[PDB]
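Given next are the chains, with one letter for each unit.
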Amino acid sequence: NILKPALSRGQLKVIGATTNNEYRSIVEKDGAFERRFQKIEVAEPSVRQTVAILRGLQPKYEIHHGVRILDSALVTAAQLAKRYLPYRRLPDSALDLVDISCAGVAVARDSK
Amino acid sequence: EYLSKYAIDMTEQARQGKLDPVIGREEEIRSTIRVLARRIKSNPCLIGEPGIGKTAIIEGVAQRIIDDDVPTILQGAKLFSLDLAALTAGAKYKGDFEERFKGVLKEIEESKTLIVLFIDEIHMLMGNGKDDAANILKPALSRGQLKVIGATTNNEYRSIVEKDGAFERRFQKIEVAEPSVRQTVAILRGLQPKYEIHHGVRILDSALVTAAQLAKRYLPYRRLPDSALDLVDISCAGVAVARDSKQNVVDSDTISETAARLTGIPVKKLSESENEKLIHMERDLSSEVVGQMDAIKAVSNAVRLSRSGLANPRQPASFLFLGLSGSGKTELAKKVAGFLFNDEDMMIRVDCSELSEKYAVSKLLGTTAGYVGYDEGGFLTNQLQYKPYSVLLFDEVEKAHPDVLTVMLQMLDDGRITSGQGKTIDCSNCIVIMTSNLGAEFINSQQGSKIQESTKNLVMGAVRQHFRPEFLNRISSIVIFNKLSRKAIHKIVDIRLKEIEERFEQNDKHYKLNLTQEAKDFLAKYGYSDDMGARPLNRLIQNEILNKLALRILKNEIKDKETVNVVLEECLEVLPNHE
Amino acid sequence: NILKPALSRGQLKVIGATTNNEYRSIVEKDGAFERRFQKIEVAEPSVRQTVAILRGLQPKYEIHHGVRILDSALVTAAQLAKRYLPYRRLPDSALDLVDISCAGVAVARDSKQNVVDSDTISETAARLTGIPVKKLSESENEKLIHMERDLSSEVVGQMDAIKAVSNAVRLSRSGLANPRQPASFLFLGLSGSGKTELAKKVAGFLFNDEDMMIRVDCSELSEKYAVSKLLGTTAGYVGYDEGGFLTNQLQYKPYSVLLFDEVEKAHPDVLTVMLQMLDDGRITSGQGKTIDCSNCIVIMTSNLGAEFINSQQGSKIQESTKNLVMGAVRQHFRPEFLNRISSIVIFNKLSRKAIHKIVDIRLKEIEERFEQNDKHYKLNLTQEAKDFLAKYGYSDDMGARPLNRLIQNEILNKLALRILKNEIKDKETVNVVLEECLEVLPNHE
Amino acid sequence: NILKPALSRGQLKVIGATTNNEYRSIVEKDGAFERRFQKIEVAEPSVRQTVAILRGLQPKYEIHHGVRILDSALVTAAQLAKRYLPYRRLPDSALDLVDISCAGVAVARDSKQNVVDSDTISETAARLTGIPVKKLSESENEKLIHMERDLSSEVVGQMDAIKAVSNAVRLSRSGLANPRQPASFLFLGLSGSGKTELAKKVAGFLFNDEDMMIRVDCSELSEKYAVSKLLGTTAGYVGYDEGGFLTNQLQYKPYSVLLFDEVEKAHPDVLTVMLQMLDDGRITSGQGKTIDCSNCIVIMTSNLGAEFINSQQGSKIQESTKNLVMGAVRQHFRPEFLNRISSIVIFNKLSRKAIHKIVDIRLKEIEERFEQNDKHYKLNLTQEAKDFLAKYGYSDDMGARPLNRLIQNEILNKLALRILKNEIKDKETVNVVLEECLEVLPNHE
Ligand SMILES: Nc1ncnc2c1ncn2[C@@H]1O[C@H](COP(=O)(O)OP(=O)(O)OP(=O)(O)O)[C@@H](O)[C@H]1O
Ligand SMILES: Nc1ncnc2c1ncn2[C@@H]1O[C@H](COP(=O)(O)OP(=O)(O)OP(=O)(O)O)[C@@H](O)[C@H]1O
Ligand SMILES: Nc1ncnc2c1ncn2[C@@H]1O[C@H](COP(=O)(O)OP(=O)(O)OP(=O)(O)O)[C@@H](O)[C@H]1O
Ligand SMILES: Nc1ncnc2c1ncn2[C@@H]1O[C@H](COP(=O)(O)OP(=O)(O)OP(=O)(O)O)[C@@H](O)[C@H]1O
């Protein structure tokens, strides 16, 4: 790890990521990393934003599973997830409902 | 450089500005510095209550440090805000945070100019059983430079030093306190451009003043810097919304509506509709209060004094309602609340027949330390903390035990009502009413329905026999509730039936109410005794008229314009159908 | 136990050091410690020794601070420390006064000679202890000398009470006051006599603050419970933060004025508590701690004398009548209590002339009380209004208190109406029916 | 498997060793060790046995230190250890005294050899435990012989109390006092007669410090709290601050004076506890420890007898008059208590003759207690000031209390004012008219 600070003057640009909880641990454990990295907060999207994300990925799921998705379904996934999946952040929770649901359709369809 | 992983370099921030101006704290700063300039025990503390500038002082000294407005010793010193993760980063493995604390002190102790720490919350270190439990890691070196400015409230302070015993022999307490109202304004003024910039609005200088004065006379549980600043910031946010909606903080309206929203207290809102406000109330009350204009005016007068600020800030207006039993004075207290708050049920009341020397004071203000039950505030302050301005009512106060009666003097003047746990409530814009039937003996002289001169003194006599002069001479007004006699009760009955109609569920059936002498007399003959007063006028109206007609309504025998008449004690009303 | 077997073989000579109660928590939770070490008690040095210690350390401080310390300074610190810093042992307390005083010199120099003396220290001590005596502000002796007139400008007559208090203050300022005996008074007389008012004005005078006072309302007492309201309870019983009325105030403001209202109503066990306070000042606290309130001034009030003062045998109470007042006192309080009162003072009944003067002062206070300089009187009837108030408020058994009520009811309510109806703007005047009333100064101004 | 399966087979013969507390924390949790180890009780030996042990070890100490030890010294140590070191088991305790005593000689040896006799051992015990009686301070016999004199110069009158206490002190010092019965007194008398004054002066004499006294305000003791206030709470309750006021003092100052202020007010539950403390001495703590108070002097005070002393029937209390007092003490306290007091002493009335002497003492103490011990009196009027105070301060039924107050009222109050006005440096003087008053120093200071 010492190679990083040691050589870090020569650009050697690094992009990384960490959980809010982990960032705390990174900072406390190393110190230099806080001084070397620019912390960036990344926001959780609103339901409206989440749906826009889902729409972008909608064709990936439709193609992957061979099923269609109603636009209101994407809205529902994001909205429903916000209300009933408080333990999972929307970028994932909404997709979990979309992907699981698509599979449920394909799964039943492609059963015996 | 462990310090850089845990602390904020206040000096660097000051070097870069990005700090609020510091106003009026020069002496706290001078004291802080003077202690820091000491040969050995250079460990001052900023102590008081939250929201009194304790961290402002630090931003202040950080700026004085940047500009070399400090003693030789501090000229080149730097300051760091630590606490935080210094005690929690070591979430695992014994001795880990302890190592950090030590490493930090080592970093500070050796060579690198004079470094001063700022502990925002010394009580967080506490010394949890000593035995290396954080705070205890310091004392060994409190002489070895490692200068530090601490900070704590008095409760926190007292808790620490009482449990520790060494810190109070190592640290120099500096009293930090809320500013005077004018000093508060200067502070608000200093932060004025901060709020104006972030909200994009202006703040009138008079709004700063209003917030400062208001806070002093409005929020007893919040110290002036925060209290007045919150009135300013909260107001600025409201203005920013107006700005965005399509401005400035208006001394009168932004702050008053904000305050009215936050707490209430009608006085702090003061409606502009002067042609009717504080005028019409007498007419409204007159309808409820037939004949007894004397009580209405007594109340209205106090209400008028509280509005526009003539009333004394430490003297809740208060009345003693003496009179003929059944006079209706309790309802008056509610009807007054009706006008005052547009809420007849705003009040807090106590049944005084429940009071005894053995418990009454605690039933009212709560028990004290070490005793069972922490229903702090009992019947009263328990509720004042939510509605500081509500009307207070003491039912049959004449039956209250004299000791609790004496406690009630606090409501009447020098408004520092306290709680059993040693806390202060502070009442001002709060109208208080106590009730008694002593005047009944003189009213029953029937020398005019209106109590007369001399006879009212006989009433005062009866009052002195039951109430100490210490109580009586501090009442805004002692009001006597007069005989209603036949003329008022004829009006009361006509009115009660009307007022009931307006509130008798829904206006589906409607009334004629042609009582004629028959029903006017029934209600006025088998009802209004001088010693039952109006109580039976309402009870006969409900027990005989509203009830019998209601039963006919339930049978669907009534569709339109209900009437009233008698059988001719056998009268009993007994009303016909109206299908 | 790494040291344990080692020490048992006479190896590793170890020198320990700790606090009396820390030791207790060690040895009584270990046993082996008591076997391993030989405790040696370390004495607290006497004042005389303390001075010798300070003297021995003096050059270290002089060098550090760059100041000269005079011998009287050393003495002063040791003396003041024993008397005014009861919660800190002499080796530190005396040094704290020297060290801080020296720091004060260093600060003073850098804030803009360097010889530390008795006054240097006394002022410093006052800043640290709050004891006003040690400010030694002799140019203010005018107030201390004339505090009797100053008190008489707020309260009327009752000169014996004023003089009695004045001497408590003067004795304290002179340093002559007995270092262990808080000033103590028992104020006797009619309600409305000014007993409480005086105490407020004393607090006023001494600290420019009537709320400086620590009030204890004896009517809330019960011998079955209430002792704990003042001193708290002991370890074990529910609750702690002990002694909200006395312990938790006296450890912060030793120089404050205590007021015990209506001590005759106190149940006997509380009156018993007062005995510590009124003697030595070593008031104990429920958690086993002491207060040592010798710097305090204590005023107690009682209406037992109402029985004889309302004999009306002269406005200024005479012998026999006064002795009957003492009769009531002696028949109520145990002598053990009475013998601890520095002075038992019987207030005079107010004279009509006093009432006149009181009305003037009281009106002055009311006018001064307003936060809005519209709210004032000119009165007119410059004597007549006041005579009305006296004639209709001069109570031989309520004293001046009715003057307050009379004014509030006959003058201020009329003002309230006048404000409400905008009949008065400012400079209000008074007139009389047959029944005092006010004149109208309407929206003309 | 630390040891266990092997021990269970007769393998690894293991000899264990532990205390009862340790045993309990091991065995009650482990179970198996209760059977793996075969418990053998080892009793603490007798003094005779201890001495035999000391004799056997004597040569190890003599050789190490290069000293010679007398057999009587060894006996002395064992006896002293049993009596003065109750917190340390006898074998150790006896050795500590011998070893340390020898060390005493050894320290001197390097700076100057000797032998260790009984006197040396005794000094050592005092060095470690205070217990002044073992200092064998024979050169101080003068004080013990004349302590009555010294106390009589502090306290006028109360000769019976002084003699009674003096004897407690002498018996303790002479080694005649019973190791299980701390001397105890109950002082009955008028307030102001000097009950607590004597007690403080005794602590003064004994330790050169009145503050050494373990004062307990026993009057502030309601049933439910009172015992724990003094002994502390037991395991399982809020505040495990064992000892409250007594254990926490007794364990550190075993040779101290205890003072109980107004025991008549203490709830009987308190007195019930004190019964053991006063006789036998094994007061125990709330946590289950035995303290042992027997090296203390206990003074208890009360005012029941005031009701009869006020009859004026003798200065020295007369027969019958004393019985009225004893009647009251028997009516109020259980005989179980009264019987355990070493002596009940009824104080004399402070007669006018006494007040003449008391005035002198108080005037001197007033000067002595000044912080600013510069501003002394000259008084003048030796006979007239003395007489004024003697007459006006003679409120016989209030004891000397009124006198103190009189001096305060007539002299110090005025003095304080004169000081604020800078009218006095020192050598203050008194005049009288007819009313005692103070003069000024024309030269302000
Ligand atoms: N001159 C000032 N400089 C900075 N802040 C000030 C000043 N005057 C008042 N304040 C207010 O006080 C706050 C910090 O001051 P103060 O010490 O009163 O709070 P605090 O109680 O120290 O904070 P904490 O609860 O951490 O002790 C600021 O955030 C600001 O709102
Ligand atoms: N002079 C009056 N003031 C107020 N209310 C009155 C008056 N005269 C009649 N009333 C009517 O009487 C009724 C209120 O009676 P209330 O319960 O107050 O009896 P009360 O006399 O207050 O009993 P208490 O002797 O405990 O005060 C109301 O219906 C009210 O309209
Ligand atoms: N001699 C006086 N000079 C001026 N004001 C006085 C005097 N005597 C009484 N007062 C007035 O009386 C009021 C307080 O009086 P006082 O101290 O007599 O109450 P109090 O009777 O002591 O109450 P308490 O009977 O519990 O002591 C004050 O408002 C004060 O103006
Ligand atoms: N005979 C005396 N000689 C010297 N001083 C005395 C004498 N009698 C009383 N005093 C003075 O009285 C004060 C304490 O007196 P005393 O012991 O009588 O109080 P007390 O009345 O015992 O209190 P308590 O009534 O609770 O016992 C001391 O300050 C002391 O100077």
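- This deposited entry lists cryo-EM as its structure determination method and 9.3 Å as its resolution.

## Re the overall build of chain A
No. 1: When you go through chain A residue by residue, the secondary structure sums to six helices and zero strands.
No. 2: Listing the helices and strands of chain A from first to last along the sequence gives α-α-α-α-α-α.
No. 3: Computed over its C-alpha atoms, the radius of gyration of chain A comes to 20 Å, more than 25% above the 13 Å expected for a compact globule of 112 residues.
No. 4: The principal-axis extent of the C-alpha atoms belonging to chain A is close to 60 × 30 × 25 Å.
No. 5: Buried residues in chain A amount to 22% of all 112 residues.
No. 6: Taking contacts inside chain A between residues at least 6 apart in sequence as the whole, the part at least 24 apart equals 55%.
No. 7: Looking at chain A as shown, the accessible area adds up to about 8,800 Å², and 57% of this sits on carbon and sulfur atoms.
No. 8: Mean positive and mean negative side-chain charge positions of chain A (18 and 12 charges, respectively) differ by 4 Å.

## Remarks on the sheet that holds strand β5 (residues 257–261) of chain C
Residues and elements named next belong to chain C.
No. 1: Taken in spatial order, the five strands make up an open sheet running β4-β5-β8-β3-β9, and their pairing is parallel. The open sheet terminates on both sides in strands that have one partner only, identified here as β4 (214–217) and β9 (343–346). For this sheet the average axis-to-axis angle between neighbouring strands, irrespective of direction, equals 20°.
No. 2: The pairing of strand β3 (residues 183–188) with strand β8 (residues 297–302) spans six bridges and is parallel.

## Notes on the interface of chain D and chain C
No. 1: Across the boundary between the two partners, chain D contributes 52 residues, which contact 57 residues of chain C.
No. 2: Of all elements in the fold, only α6 (90–111), α11 (223–231) and α19 (401–420) of chain D reach the threshold of two or more residues within the side of chain D that touches chain C.
No. 3: Ranked by residues supplied to the side of chain D that touches chain C, first place goes to α19 of chain D with twelve residues.
No. 4: For the side of chain D that touches chain C, a count of residues per class yields 17 nonpolar, 14 polar and 21 charged.

## Some remarks on the pattern of salt bridges
No. 1: Taken as a whole and assessed by the stated rule, the structure comprises 118 salt bridges over all chains.
No. 2: Linked through salt bridges whose partners overlap, the residues forming this network are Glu154, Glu197, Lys201, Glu210, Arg362 and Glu365 of chain C.

## Some points on the arrangement of the chains
No. 1: The interface with the highest contact count, out of three pairs of chains in contact, is the one between chains C and D.
No. 2: The two units chain A and chain C never meet; even their closest C-alpha atoms stay 33 Å apart.
No. 3: Here chain A and chain D are not in contact; the least distance found between their C-alpha atoms is 38 Å.

## Thoughts on the site of ligand 4
No. 1: Looking at ligand 4, there are 17 residues lining it, with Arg340 of chain C together with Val156, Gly192, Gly194 and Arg401 of chain D nearest.
No. 2: Here an oxygen atom of ligand 4 and a backbone polar atom of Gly194 of chain D are 2.9 Å apart.
No. 3: One nitrogen or oxygen atom from the side chain of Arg401 of chain D is found 3.0 Å from an oxygen atom belonging to ligand 4.
No. 4: When isolated, ligand 4 has an accessible area of 620 Å², and the protein chains bury 90% of it.
No. 5: For the shell around ligand 4, the secondary-structure elements that each account for two or more residues are α10 (195–207) and α17 (352–368) of chain D.

## Considerations on the site of ligand 1
Residue and element names in this part refer to chain B.
No. 1: Within the structure, ligand 1 sits among 15 residues, and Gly51, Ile52, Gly53, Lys54 and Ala56 are positioned closest to it.
No. 2: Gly51 places a polar main-chain atom, nitrogen or oxygen, 2.8 Å from an oxygen atom of ligand 1.
No. 3: When ligand 1 sits alone it has 610 Å² of accessible area, and the protein chains cover 78% of it.
No. 4: Elements represented by at least two residues in the shell around ligand 1 include exactly α4 (54–66) and α9 (224–245).
No. 5: Residue composition of the shell around ligand 1, by class: nine nonpolar, three polar and three charged.

## As for the packing of α9 of chain B against helix α10 (residues 253–262) of chain B
Axis angle and axis distance: for two packed helices, these are the angle between their axes and the distance between the axes, and together they describe the pair.
All names here are of chain B.
No. 1: Where α9 contacts α10, the two axes come as close as 9 Å, and the packing angle between them is 105°. For the element pair α9 / α10, the angle class is roughly perpendicular. The segment α9 lies against α10, with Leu231, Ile234, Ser235 and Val239 engaging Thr254, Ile255, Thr258, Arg261 and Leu262.
No. 2: Taken together, the residues of the contact of α9 with α10 sort by class into five nonpolar, three polar and one charged.

## Describing the interface of chain B and chain C
No. 1: Taken together, the 30 residues of chain B in the interface contact 33 residues of chain C.
No. 2: Residue assignment for the side of chain B that touches chain C shows that the elements contributing at least two residues are α6 (154–164), α12 (293–306) and α20 (469–472) of chain B.
No. 3: Here the side of chain B that touches chain C takes three residues from α12 of chain B, the largest share from any one element.
No. 4: When the residues that make up the side of chain B that touches chain C are grouped by side-chain class, the tally is eight nonpolar, seven polar and 15 charged.

## Observations concerning the pairing of strand β11 (residues 428–432) of chain C
Residues and elements named next belong to chain C.
No. 1: Here strand β10 (residues 377–379) pairs with β11 via two bridges, running parallel. For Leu379, the partnering residue across the bridge sits in β11 and is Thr429.
No. 2: As judged from the three bridges shared by β11 and strand β12 (residues 436–438), these two strands associate in the antiparallel manner. Looking at β12, one finds that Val432 is bridged to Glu436.

## As for the nonpolar core
No. 1: Formed by 70 residues in total, the largest nonpolar core has its most connected members in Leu320, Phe394, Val397, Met408, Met434 and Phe471 of chain B.
No. 2: Among the nonpolar cores identified, the runner-up in size contains 58 residues, and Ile23, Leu229, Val267 and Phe481 of chain B belong to it.

## Brief notes about the side chain of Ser101 of chain D
All names here are of chain D.
No. 1: Counting through the fold element by element, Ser101 comes out in helix α6.
No. 2: A distance of 2.7 Å separates the side chain of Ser101 from the side chain of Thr124, its partner in a polar contact.
No. 3: Not counting residues within four places of it along the chain, the set of residues in contact with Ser101 comprises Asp96, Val116, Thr120, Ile121 and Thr124.

## A short note on the packing of helix α5 (residues 71–84) of chain C against helix α7 (residues 118–129) of chain C
All names here are of chain C.
No. 1: The N-to-C vectors of α5 and α7 enclose an angle of 25°; their axes lie 8 Å apart at closest approach. One element, α5, and the other, α7, form an angle in the roughly parallel class. Considering only the axes of α5 and α7, their crossing is right-handed. Residues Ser72, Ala73, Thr76, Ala77, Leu80 and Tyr84 of α5 touch α7, and the partners they reach there are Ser118, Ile121, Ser122, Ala125 and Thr129.
No. 2: Residues that form the contact of α5 with α7 fall into these classes: six nonpolar, five polar and no charged.

## Observations concerning a nonpolar patch on the surface
No. 1: On the surface, a nonpolar cluster with roughly 410 Å² of combined accessible area is contributed by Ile2, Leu3, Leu7 and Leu12 of chain A.
No. 2: Looking at where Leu3 of chain A falls in the secondary structure, it is placed in helix α1 (residues 3–7).

## Side note on unusual backbone geometry
No. 1: At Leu278 of chain B, a residue that is not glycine, the phi angle is positive and equals roughly 70°.
No. 2: Inspection of the secondary structure puts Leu278 of chain B in the loop between α10 and α11 (281–288).
No. 3: Unlike most non-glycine residues, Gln158 of chain C shows phi in positive territory, near 50°.
No. 4: Counting through the fold element by element, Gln158 of chain C comes out in the loop between α9 (147–152) and α10 (159–174).
No. 5: Overall, the relative accessible area of 8% leaves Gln158 of chain C in the buried class.

## Let's talk about α17 of chain D
Residues and elements named next belong to chain D.
No. 1: Helix length check: α17, at 17 residues, gives a terminal C-alpha distance of 24 Å against a target of 24 Å (1.5 Å per residue), a fit within 8%.
No. 2: Among all positions in α17, only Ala354, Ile355, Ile358, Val359, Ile361, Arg362, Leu363, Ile366 and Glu367 are buried.
No. 3: Contact partners of the buried residues in α17: β8 (377–379), α18 (382–392) and α19.

## Re the sheet that holds strand β10 (residues 436–438) of chain D
All names here are of chain D.
No. 1: The strand order β8-β9-β10 describes an open sheet built from three strands, whose pairing is mixed. The strands lining the two open edges of the sheet, one partner per strand, are β8 and β10. Between one strand and the next, the sheet's axes are offset by a mean angle of 30°, whatever the strand orientation.
No. 2: Here α19 sits on the sheet in contact with β8, β9 (428–432) and β10, set at roughly 20° to β10.

## Some details on the packing of aromatic side chains
No. 1: Following the criterion strictly, the structure yields 23 aromatic pairs over all chains and no others.
No. 2: An angle of 45° between the planes, with centres 5.4 Å apart, marks the rings of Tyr371 of chain B and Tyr225 of chain C as tilted. Taken together, the positions of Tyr371 of chain B in the loop between α14 (360–365) and α15 (381–384) and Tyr225 of chain C in the loop between β4 and α12 (227–231) put the pair across two chains.
No. 3: By relative accessible area, which is 27% here, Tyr371 of chain B ends up partly exposed.
No. 4: Classification of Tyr225 of chain C as partly exposed rests on a relative accessible area of 46%.
No. 5: With a centroid separation of 5.6 Å and an interplanar angle of 50°, the aromatic rings of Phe207 of chain C and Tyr255 of chain C are classed as tilted. Of this pair, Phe207 of chain C sits in helix α11 (residues 195–207) while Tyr255 of chain C sits in the loop between α13 (247–250) and β5, and the two are 48 residues apart along the sequence.
No. 6: Here the aromatic residues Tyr23, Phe33 and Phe37 of chain C together with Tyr252 of chain D are joined through ring pairs into a cluster of three or more.
No. 7: Over the aromatic face of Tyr2 of chain B sits the side chain of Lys5 of chain B, whose NZ or CZ is 5.2 Å from the ring centroid.
No. 8: We note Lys4 of chain D situated over the ring of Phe33 of chain D; from NZ or CZ to the ring centre the distance is 5.1 Å.

Thresholds applied
- Residues numbered from 1 in each chain as written, not as in the entry; some residues may be left out.
- Chains lettered and ligands numbered in written order.
- Part of a larger assembly, values for the part shown.
- Heavy atoms only, no water.
- Residues with missing side-chain atoms left out of burial classes, pairs and counts.
- Helix = DSSP H or I, 4+ residues; strand = E, 2+ residues; numbered from the N terminus.
- Rg over C-alpha atoms; globule rule 2.2 N^0.38 Å.
- Buried < 20%, exposed > 50% of the residue type's maximum accessible area, 1.4 Å probe, protein only.
- Contact = heavy atoms within 4.5 Å.
- Areas by Shrake-Rupley, 256 points an atom, 1.4 Å probe, with all protein chains shown as cover.
- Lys, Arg positive; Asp, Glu negative; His and termini not counted.
- Charge placed at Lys NZ, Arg CZ, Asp CG, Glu CD.
- Pairing = 2+ DSSP bridges.
- Axes fitted to C-alpha atoms, helices over the stretch in contact; angles between N-to-C directions.
- Nonpolar A, V, L, I, M, F, W, Y, C, P; charged D, E, K, R; others polar.
- Salt bridge = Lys/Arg side-chain N within 4 Å of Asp/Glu carboxyl O.
- Near = heavy atom within 4 Å.
- Polar contact = N/O pair within 3.5 Å; in protein donor to acceptor, adjacent residues only side chain to side chain.
- Parallel < 35°, antiparallel > 145°, perpendicular 65-115°, else oblique.
- Core = buried A, V, L, I, M, F, W, Y, C linked by side-chain atoms within 4.5 Å.
- Left-handed = near helix turned anticlockwise from the far one by under 90°.
- Patch = residues over 30% accessible without salt bridge, like charges linked within 9 Å, V, L, I, M, F, W, Y side chains within 5 Å.
- Expected span 1.5 Å × (residues − 1).
- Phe/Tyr/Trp six-rings, centres within 6.5 Å; stacked < 30°, edge-to-face > 60°.
- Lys NZ or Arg CZ within 6 Å of the ring centre and 35° of its normal.

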